[PDB]
K.L.:
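Once you've had a glance at the structure underneath, I'll fire off some questions.
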Amino acid sequence: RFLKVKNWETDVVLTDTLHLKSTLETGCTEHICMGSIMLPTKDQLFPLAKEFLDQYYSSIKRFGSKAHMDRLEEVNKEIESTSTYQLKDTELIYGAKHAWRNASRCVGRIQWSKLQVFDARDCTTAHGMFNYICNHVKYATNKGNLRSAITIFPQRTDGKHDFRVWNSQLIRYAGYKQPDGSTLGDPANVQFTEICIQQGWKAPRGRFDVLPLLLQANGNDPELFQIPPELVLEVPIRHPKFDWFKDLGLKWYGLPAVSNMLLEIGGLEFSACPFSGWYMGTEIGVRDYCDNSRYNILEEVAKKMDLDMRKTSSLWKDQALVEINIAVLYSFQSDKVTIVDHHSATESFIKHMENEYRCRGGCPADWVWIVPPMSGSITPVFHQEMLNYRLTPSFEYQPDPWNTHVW
Amino acid sequence: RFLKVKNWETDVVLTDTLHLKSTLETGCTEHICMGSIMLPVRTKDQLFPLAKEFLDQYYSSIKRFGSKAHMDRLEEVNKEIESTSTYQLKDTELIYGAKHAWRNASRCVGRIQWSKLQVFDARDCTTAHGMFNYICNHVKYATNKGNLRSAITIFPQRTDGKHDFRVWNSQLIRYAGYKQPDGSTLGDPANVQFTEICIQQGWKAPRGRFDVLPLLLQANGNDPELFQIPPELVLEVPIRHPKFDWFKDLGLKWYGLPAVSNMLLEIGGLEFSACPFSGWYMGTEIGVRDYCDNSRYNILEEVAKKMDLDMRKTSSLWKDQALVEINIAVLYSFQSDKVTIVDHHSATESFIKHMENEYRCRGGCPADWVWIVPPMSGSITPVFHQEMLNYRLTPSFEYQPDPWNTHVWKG
Ligand code: HEM
Ligand code: HEM
Ligand SMILES: N=C(Nc1cccc(OCCOc2cccc(NC(=N)c3cccs3)c2)c1)c1cccs1
Ligand SMILES: N=C(Nc1cccc(OCCOc2cccc(NC(=N)c3cccs3)c2)c1)c1cccs1
Ligand SMILES: C[C@H](O)[C@H](O)[C@H]1CNc2nc(N)[nH]c(=O)c2N1
Ligand SMILES: C[C@H](O)[C@H](O)[C@H]1CNc2nc(N)[nH]c(=O)c2N1
Ligand SMILES: [Zn+2]
């Protein structure tokens, strides 16, 4: 019931009790571990509301105070009557920060309590959503000095009136499958790029075309909007030693802003809740550039490096991978856009884990996601046992809106 | 129940039914995942069903399930268990069992090779001197002058738990570690505790950085005894780099034969506490873990210095750059010396094909992602993008406690 996790590099042992408040389910059973699988009513709501308000009033040292019991009563009445309820701003801010705090796949959680929350619950149209999103982008970008932020649109009601950002992130590059047969731009978004075009977007038809936003208010059909390019901070990618590198023509955007997730607070569902922080360098240089299904440039870079590409055992993929990643880090740093390297982010996370064990009794952590996609064992997280369990408030996946929306 | 796994690079979907034959536990539940936790005497009572399960499997594999040979063997084993409280495997069953334990090893990326395993039956062994002799023959046969051949040597099974056969070494060939009075370590930090046991037991330690440890062998529950493996039997590779000439001057070498000797082999409920097995190395095992772990030889800094990387900020990725060079060096040295090694691209690719084949022919392939994904360059290997299901089949290899922790000294 009280579980230990060991670091094998340092022998440090931490004791986890926090998991015993695990509300949701993992995918795993006594018989089968699913640790590597990507995705394994009025009276439903009151338990959920109560559990949440209990931890809220607990966090501000007021558990079992008149104000506590009075708020339980009030929410109880509102549910009983309206079949939902509204969070106070304070509860909203706390819930959002905790959804991030509880994100077991997130290495960047040392930062969890410095989160700017933009309350967009009064939003009614896609234009209003667009306004809110531009403001969020400008605020978070902050001329390169990135600041974490979330903008929270109205909660689900009867589930026919959902707010959705159809983009998977606010800022992504377009994907076009060509008469050629290959893929121009980013193949991850080919489907979304066509949904945009079939909706009316005019594609500059290049390799790094910032996609238009595609926004759905109150259950209506989504609308297209171009983010002011002055709001979209981009970084040309160059190497501190290879001058031919620039000629590959690589760029990336400064602001990662996840916009397809569902935020659950006290049983309430926020289906549009775009949030942003900043990149760990390997996200761009390992995954975005080098995944076979992505910009897949390893082969191109290895050539320019004139590595021996004759045999996998020369480790040419590996040598290139590193250079690409030194470049990404160098470029962002040079242009003074916030980025973190995987060494630094993982050391931060170990420090964060320690804090959370000490101050909270634990820290849900998904090793499969926390270990960076390169250089795993030379980062301290590789040697750290983690326990993964699901706490609420949380961020959850939700189906792509096109697979649900009725026109 | 039918379970699906997807590969996110290829969209290939596989269906697992094999997980339904899974007996043992994972550590996980509906409410917690222990997927990254390194480690999460039987009566007749429990022995009967385990023996039967195993013999049903064995008799299915040979296409004789429900045969008279199948039933007779069931009766015979059953009679032996209630007469003697245990039983003996036939040679054929032992061989099949050891093969299947390997095939069922979900942390093993090398399983494409599972069916080519040389099994050495050391069940007539009675003394530590006998064990030394078996282990020398295994080392020589496996090494095969650099052209490595997989093998396992199976010493007698557990009886009452007071008569265990154990190899105290964690692998047959491993380098000494010595903690110095100044807090630093000479040789391999992973082996300090074992090295000290050896010295205590009377080993005269050369006290250098690459001293091959003596075998420490326990027969029949007796106190263990020390033996030196003949040096002529220990194949080693000096480490050099194909472009970096100062690399040899780092003074590194490694042994060619990885041979694990501290695991427990479980077959039909029988427990084989000494079952050293060997194959060959994946390059990263030496180049990433053995040399570059902070708690191991930890040569990353010295290598980085000599490459003259900028070591003042981690975001230079100097650690990453040096790691790759060390690993290129390991593969180059082994290949140049004609000692079998496999790089992590080639091994993980083979594993993916093995895995798809296993889904087709067997209905599944238990696989531990945490262990199967290499310790460098994860996402540029096809296993990183492969969803895997982890579950436990027998026959199996299991952990067991280090014997110095449980042994009753006879004196
Ligand atoms: C402050 C800078 C931040 C850094 C460096 C950081 C780092 C990361 C990284 C590297 C991943 C894995 C992503 C992938 O492989 O696609 C991740 C996942 C995640 N992060 Fe953080 N993060 C940061 C801020 C945040 C913020 C502000 C939130 C929410 C408020 C958050 C919530 C999550 C969630 C929900 C996931 C998992 C997404 C999924 O499961 O697909 N992150 N983060
Ligand atoms: C034939 C060449 C082979 C290669 C390249 C190979 C590769 C590997 C590698 C890289 C690991 C991870 C080890 C670590 O990180 O320490 C591993 C684990 C394992 N392998 Fe294989 N292997 C091979 C043959 C075998 C054989 C012959 C057996 C048994 C007959 C075996 C059984 C296992 C087991 C039980 C583990 C898990 C160890 C543990 O849980 O600590 N391997 N193998
Ligand atoms: N990239 C793919 N798909 C895909 C398509 C569209 C979006 C997408 O995003 C994955 C989620 O990305 C995240 C999630 C959380 C955090 C981050 N990275 C960040 N640093 C932050 C985002 C927001 C705050 S921090 C990125 C992934 C695929 C490759 C191979 C098969 S599918
Ligand atoms: N390396 C450590 N300890 C340690 C000591 C002695 C042995 C040891 O080995 C770990 C397991 O080793 C394996 C297991 C299975 C396969 C392999 N590698 C192989 N290619 C094969 C070995 C035998 C057949 S194939 C290595 C690990 C530690 C570092 C930090 C904390 S503990
Ligand atoms: C805590 C974690 O499970 C531990 O450090 C693991 C991670 N993955 C591993 N994978 C392999 N192949 N070998 C290992 O020793 C480890 N160590
Ligand atoms: C199948 C496997 O779980 C999947 O490829 C995961 C592995 N670990 C990951 N880790 C991170 N951080 N991001 C990812 O997209 C993935 N992909
Ligand atoms: Zn699990």
Side-chain angles (χ1 to χ4, degrees), chain A residues 34-40 95-117 140 146-152 166-173 175 186-193 211 253-263 273-284 286-288 290-296 338-342 344-346 348-349 366-374 376 381 393-397 400, chain B residues 5-11 35 367 369-370 372-373 378-379 381-389:
Chain A
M34 284 181 168
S36 67
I37 313 296
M38 280 261 10
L39 24 95
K97 284 181 173 173
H98 277 75
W100 183 11
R101 210 188 183 169
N102 301 335
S104 71
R105 290 173 167 177
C106 178
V107 78
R109 284 177 277 174
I110 194 162
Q111 278 285 315
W112 77 270
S113 74
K114 321 195 269 294
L115 176 67
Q116 179 54 228
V117 180
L146 311 187
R147 299 178 294 196
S148 309
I150 185 169
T151 297
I152 299 167
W166 286 39
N167 310 65
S168 49
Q169 305 162 18
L170 293 184
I171 296 153
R172 287 213 105 199
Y173 295 124
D186 197 333
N189 307 321
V190 175
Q191 193 181 13
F192 182 78
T193 310
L211 286 161
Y253 47 96
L255 185 79
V258 170
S259 54
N260 55 182
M261 291 188 92
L262 185 152
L263 162 72
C273 61
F275 64 83
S276 67
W278 54 83
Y279 272 121
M280 173 164 81
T282 48
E283 294 183 77
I284 308 173
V286 182
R287 307 296 317 279
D288 301 333
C290 294
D291 267 13
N292 256 263
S293 68
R294 299 291 303 284
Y295 279 87
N296 186 218
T338 311
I339 191 152
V340 67
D341 72 71
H342 52 288
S344 172
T346 55
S348 290
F349 185 73
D366 184 347
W367 194 99
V368 166
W369 276 65
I370 303 284
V371 175
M374 76 178 297
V381 288
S394 60
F395 295 102
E396 302 294 355
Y397 305 96
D400 282 339
Chain B
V5 293
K6 170 183 183 170
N7 186 292
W8 287 86
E9 214 150 51
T10 65
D11 288 321
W369 194 95
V370 173
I372 294 293
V373 180
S379 54
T381 71
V383 299
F384 179 93
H385 311 272
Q386 184 60 65
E387 290 185 349
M388 301 174 187
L389 284 174

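Just so you know, ligand 1 is whichever comes first in the structure, and atom 1 is the first atom listed for that ligand. Hydrogens, waters and symmetry mates are skipped; everything else that's a heavy atom, side chains included, is used. A note on names: the letters A, B, ... follow the listed sequences, proteins ahead of strands, and every chain is numbered from 1.
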K.L.:
Counting non-hydrogen protein atoms only, what is the nearest one to atom 12 (N) of ligand 6? Give residue, atom name and distance.
P.N.:
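Heavy-atom neighbour on the protein nearest atom 12 (N) of ligand 6: A/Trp369 O, 3.0 Å.
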K.L.:
Side-chain donor-acceptor pair under 3.5 Å between B/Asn7 and B/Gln386, yes or no?
P.N.:
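Yes.
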K.L.:
List the closest protein heavy-atom neighbour of atom 15 (O) of ligand 6: residue, atom name, distance to the nearest 0.1 Å.
P.N.:
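Nearest neighbour among protein heavy atoms for atom 15 (O) of ligand 6, to 0.1 Å: A/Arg287 NH1, 3.0 Å.
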K.L.:
Atoms of ligand 6 less than 4.0 Å from B/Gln386 heavy atoms?
P.N.:
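It comes down to these atoms of ligand 6: 1 (C).
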K.L.:
N/O of A/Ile37 under 3.5 Å from N/O of ligand 6, yes or no?
P.N.:
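So ligand 6 has no N or O lying under 3.5 Å from an N or O of A/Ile37.
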K.L.:
Would you mind listing which atoms of ligand 3 come within a distance below 4.0 Å of any non-hydrogen atom of A/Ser168?
P.N.:
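So the answer, numbered in order with elements, is 6 (C), 7 (C).
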K.L.:
Is any protein N, O or S atom closer than 2.8 Å to atom 21 (Fe) of ligand 1, and if so, which?
P.N.:
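Near atom 21 (Fe) of ligand 1, below 2.8 Å, one finds A/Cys106 SG.
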K.L.:
Report the relative orientation of the aromatic rings in A/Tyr253 and A/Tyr279; use parallel for angles under 30°, tilted for 30 to 60°, perpendicular for over 60°.
P.N.:
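Tilted.
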K.L.:
Do A/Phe275 and A/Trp100 make the cut of ring centroids closer than 6.0 angstrom?
P.N.:
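No, the ring of A/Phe275 stays outside the 6.0 Å limit from the ring of A/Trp100, centre to centre.
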K.L.:
Is there a polar contact, in the sense of an N or O pair closer than 3.5 Å, between B/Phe384 and ligand 6?
P.N.:
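Yes; at least one N/O pair falls below 3.5 Å.
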K.L.:
Look at atom 13 (C) of ligand 3 and say which protein heavy atom is nearest, naming residue and atom and giving the distance to 0.1 Å.
P.N.:
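Heavy-atom neighbour on the protein nearest atom 13 (C) of ligand 3: A/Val258 CG2, 3.6 Å.
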K.L.:
Hey, which atoms in ligand 1 end up nearer than 4.0 Å to a heavy atom of A/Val340?
P.N.:
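Contacts of ligand 1 toward A/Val340, numbered from 1: 5 (C).
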K.L.:
At a 4.0 Å threshold, what atoms of ligand 3 neighbour a non-hydrogen atom of A/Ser276?
P.N.:
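Taking each heavy atom of A/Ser276 in turn, ligand 3 has 23 (C), 24 (C) under 4.0 Å.
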K.L.:
Of all the atoms in ligand 3, which lie at a distance below 4.0 Å from a heavy atom belonging to A/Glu283?
P.N.:
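Selected atoms, number and element: 17 (C), 18 (N), 19 (C), 20 (N), 26 (C).
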K.L.:
Go through ligand 3 atom by atom and flag the ones less than 4.0 Å from a non-hydrogen atom of A/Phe275.
P.N.:
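Selected atoms, number and element: 23 (C), 24 (C).
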K.L.:
Determine whether any heavy atom of A/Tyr397 lies closer than 4.0 Å to an atom of ligand 1.
P.N.:
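Yes, A/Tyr397 has a heavy atom closer than 4.0 Å to ligand 1.
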K.L.:
Would you mind checking which non-hydrogen protein atom is closest to atom 3 (O) of ligand 6, with the distance to 0.1 Å?
P.N.:
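For atom 3 (O) of ligand 6, the nearest protein heavy atom comes out as A/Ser36 O, 2.8 Å.
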K.L.:
Between A/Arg287 and ligand 1, find which residue part has any heavy-atom pair under 4.0 Å and reply side chain, backbone, both or neither.
P.N.:
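Contact part for A/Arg287 vs ligand 1: neither.
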K.L.:
Under 3.5 Å between some N or O of ligand 6 and some N or O of B/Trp369?
P.N.:
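No - when backbone and side-chain N and O of B/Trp369 are compared with those of ligand 6, no distance drops under 3.5 Å.
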K.L.:
Below 3.5 angstrom, do we get any N/O pair linking A/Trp278 and ligand 3?
P.N.:
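The answer is yes, given that A/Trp278 and ligand 3 share an N or O pair closer than 3.5 Å.
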K.L.:
Which atoms from ligand 3 have a heavy atom of A/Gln169 less than 4.0 Å away?
P.N.:
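Going through ligand 3 atom by atom, the ones under 4.0 Å from A/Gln169 are 9 (O), 12 (O).
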K.L.:
Is the shortest N/O to N/O distance between A/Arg294 and ligand 3 below 3.5 Å?
P.N.:
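N/O-N/O distance under 3.5 Å: yes.
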K.L.:
Which residue and non-hydrogen atom of the protein lie closest to atom 24 (C) of ligand 3, and at what distance in Å?
P.N.:
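It is A/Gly277 N, 3.2 Å.
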K.L.:
Tell me the protein heavy atom at minimum distance from atom 8 (N) of ligand 6, and give that distance in Å.
P.N.:
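Nearest neighbour among protein heavy atoms for atom 8 (N) of ligand 6, to 0.1 Å: A/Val368 O, 3.0 Å.
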K.L.:
Mind checking whether A/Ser276 contacts ligand 1 via backbone (N, CA, C, O), side chain (CB onward), both or neither, at a 4.0 Å heavy-atom cut-off?
P.N.:
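Under 4.0 Å from ligand 1, A/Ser276 contributes backbone atoms alone.
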K.L.:
Counting only heavy atoms, which portion of A/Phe275 has something under 4.0 Å from ligand 1: side chain, backbone, both, or neither?
P.N.:
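For A/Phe275, the contact with ligand 1 is made by the side chain alone.
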K.L.:
Of the backbone atoms (N, CA, C, O) and the side-chain heavy atoms from C-beta on, which set of B/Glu9 has a member under 4.0 Å from an atom of ligand 3: side chain, backbone, both, or neither?
P.N.:
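None of B/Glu9 does.
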K.L.:
Between B/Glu387 and ligand 6, is there a nitrogen or oxygen pair with a distance under 3.5 Å?
P.N.:
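Looking only at distances, the answer is no, because the N/O contact criterion of under 3.5 Å is not met.
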K.L.:
With a 4.0 Å heavy-atom cut-off (strictly under), which part of A/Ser293 contacts ligand 3: side chain, backbone, both or neither?
P.N.:
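Just the side chain.
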